[PDB]
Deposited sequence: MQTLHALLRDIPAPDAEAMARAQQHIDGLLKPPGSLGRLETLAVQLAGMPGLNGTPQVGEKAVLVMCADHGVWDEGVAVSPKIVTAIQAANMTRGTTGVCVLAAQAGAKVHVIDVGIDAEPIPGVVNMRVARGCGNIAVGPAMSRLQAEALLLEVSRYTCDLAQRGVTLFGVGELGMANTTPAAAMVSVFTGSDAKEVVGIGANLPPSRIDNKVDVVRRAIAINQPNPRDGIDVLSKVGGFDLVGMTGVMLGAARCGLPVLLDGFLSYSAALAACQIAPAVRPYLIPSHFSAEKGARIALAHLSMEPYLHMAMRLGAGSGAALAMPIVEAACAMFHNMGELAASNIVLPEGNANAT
């Protein structure tokens, strides 16, 4: 540790730098509304202390958290368990969607195993808590201590990347059955009935919903304690994405979310540490049923409508040029 110390040292956004960036933008010669949300984004970036008082992007990293879930035994996923392992390995060879989009964005992909139920995969960053987490339908995904330790380890990993020049992160995850704990967390944090947020054959959908309600009933997660929620009805992958958000915020740097899985982690992150929120930037509006509810509770309006799902960080990589665009306009446009 300390996780207590990390949370309390997340900096506030720098109001003076935001005022100066807004003043700079006001001094630009431009039709009214011609920047749209690029204007608000540039000012948001200017407030993040790791960006040194100005909207800028240096190196970019997308962190893809990988883990398996004991709730897979409840029949809520169609694919066999080993697919998590095969995908993590493909990510190290650069052949997945997020890899290709990250390459387009000039970003590096960091594949992090935080709990794959397989032999370790050479080339993946090894932060494995256990070989898959507990089956949330019968008990907790993990101990409170395990969730806290993984939060600290990931947040430290993320912020240490600022020493190699990284100033913009994206977060994603992969793992068979991951959408079930994500929907549980979302239902718990937002108070929405499981049926409204459970990701999309009738009996199979019902089984998924019933499993979410069962996980919540058995575990009784406390919505006012984000770490309790993660440890009881989340998973290592979700804790991992929350850790990226905490680490970026601690570093005073931007992080792009991806889809619904990452929204659920962001809900937890902002419950644990409300000071995280000014560092989060949406990318895409996930096709998962629960996307609208989760984004509402984060007061977030995504920039991209790609009808995308299961991107494993692909949406965050796709939005990286949007962040670069707000910075180029800020620095490169002519003035009044």
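Not built in the structure, per the record, are deposited positions 1, 202-205, 342-356.
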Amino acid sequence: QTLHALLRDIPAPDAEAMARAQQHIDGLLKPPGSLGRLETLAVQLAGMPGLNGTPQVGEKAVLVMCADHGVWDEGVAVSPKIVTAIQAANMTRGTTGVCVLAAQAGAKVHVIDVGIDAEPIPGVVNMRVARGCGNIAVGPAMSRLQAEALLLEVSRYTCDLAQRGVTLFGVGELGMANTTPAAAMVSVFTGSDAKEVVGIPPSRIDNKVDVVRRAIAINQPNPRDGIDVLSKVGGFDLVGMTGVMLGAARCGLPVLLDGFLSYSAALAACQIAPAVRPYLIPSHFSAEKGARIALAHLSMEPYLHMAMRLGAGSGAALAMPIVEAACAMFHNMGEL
From here on, numbers count along this sequence of modelled residues.
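71-79 and 102-110 differ in mean CA B-factor, and the higher of the two is recorded for 71-79. In this entry, 7-15 shows the higher mean Cα temperature factor of the pair 317-325 and 7-15. Within the selection 262, 158, 84, 143, the deposited Cα B-factor values reach their highest point at 84. Per the deposited record, 210 carries the highest C-alpha B-factor of all listed residues (210, 258, 228, 237). Per-chain ranking of the deposited C-alpha B factor places residue 51 in the lowest third. In this PDB entry, the Cα temperature factor of residue 41 sits in the bottom third of its chain's modelled residues, the lowest group. Looking at the C-alpha B-factors along this chain, the one for residue 31 belongs to the highest third. Ranked by C-alpha B-factor against the other modelled residues of its chain, residue 139 falls in the middle third. Per the deposited record, the Cα B-factor of residue 132 falls in the middle third when ranked against the other modelled residues of its chain.
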